[PDB]
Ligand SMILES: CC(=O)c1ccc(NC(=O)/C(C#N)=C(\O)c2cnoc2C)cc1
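Here's a solo chain for you in structure tokens, the form deposited without this ligand.
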């Protein structure tokens, strides 16, 4: 608890340092939006605030939402996650009715690659590669730009038994969140994966819950840094940790179970469940119950067994990577 609270301080000591880089990123993304709106295709483009999400102190993530004027979806095979987008506008990115993910990004990447040349007293170069447009602002600040399709229609069938926040928060809240829009991002058979970045931020607003997530997130960040030379922990992300955390929040709905005094216990339980998911290879998507994020296809047993060893070692030795 003492060391965990000392780590939570180090996180507060890091966020105020990013205040500079936040403005540098915020300045560049605004430039790109000004041009994209001029284009007839990305005319209804906007920023979905997540201010911008942080993966590491020099690693940012931004998402450009584009409200497609009414869409129709077809579930590719029985993936429950990857769908086809079909259809006057956005007719250049069509393979008949099929909306091409490749074409959309190919246009998206070019337009951005034109604008980065514009200085604004700032250096910015693109890394060609992967559903995101990666940009290195100056020489340190990295930004992964993603293009998502905002749909204000009802959520897909596979979401029906997701977002189990009835006992934890309320069923009226769940309903309210399911009225908010859902987004499709690319990932190659020209199929679009679902995303709920906005819903992740929503539950942060409404204990040591967020503190447990911060530590759990930081634990992964630090383990990835130590074994960055190795190619094992590159597959994992904050989403995997955050998804696992939400499952523990469902299992432990009461506010009494997340008391400020019981930080180490609550953190140990969050660590324990994440370890269980790696061993069992079962981390269900919190929105798509059938979709397993730790499926052998996505993440091999080598990467999970390796992460299991490190996190166990850390807990056993009072988290050496923190100090």
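Basically, rigid core = biggest C-alpha set you can superpose within 1.5 Å across the two forms. Positions refer to the first chain, counted from 1.
Not pictured, yet referred to below: the form solved in complex with this ligand.
Asks: Quick check on this chain: with this ligand placed from its pose in the deposited complex by superposing the site C-alphas, is the site open or blocked (blocked meaning at least 3 ligand atoms within 2.4 Å of backbone or C-beta)?
Replies: Judged by the transferred pose of this ligand in the deposited complex, this form is open (no ligand atom within 2.4 Å of backbone or C-beta).
Asks: Give a yes or no for residue 187: in the deposited complex, does one of its heavy atoms lie within 4.5 Å of a heavy atom belonging to this ligand?
Replies: Contact with this ligand, yes.
Asks: Determine whether any heavy atom of residue 146 comes within 4.5 Å of a heavy atom of this ligand in the deposited complex, and answer yes or no.
Replies: Answer yes; at least one heavy atom of residue 146 falls within 4.5 Å of this ligand in the deposited complex.
Asks: Quick check on residue 62: any heavy atom within 4.5 Å of this ligand in the deposited complex?
Replies: Within the cut-off, so yes.
Asks: So in the deposited complex, does residue 197 come within 4.5 Å of this ligand, heavy atom to heavy atom?
Replies: Because a heavy atom of residue 197 falls inside 4.5 Å of this ligand in the deposited complex, the answer is yes.
Asks: Quick one: which of 115-123, 70-78, 138-146, 89-97 gets within 4.5 Å of this ligand in the deposited complex, going by heavy atoms?
Replies: After filtering at 4.5 Å, what remains is 138-146.
Asks: Could you work out which of 174, 193, 232, 209 is the residue within 4.5 angstroms of this ligand in the deposited complex, going by heavy atoms?
Replies: Going through each option in turn, the one that passes is 193.
Asks: Of the options 156, 131, 253, 181, which one has a non-hydrogen atom that comes within 4.5 Å of this ligand in the deposited complex?
Replies: It is 131 that has a heavy atom within 4.5 Å of the partner.
Asks: What residues of 279-318, in sequence order, lie within 4.5 Å of this ligand in the deposited complex by heavy atom?
Replies: Sequence-ordered list is empty.
Asks: Just one of 57, 264, 44, 289 has a CA that shifts 2 Å or more between this form and the one not shown on a core fit; which is it?
Replies: The one that moves 2 Å or more is 57.
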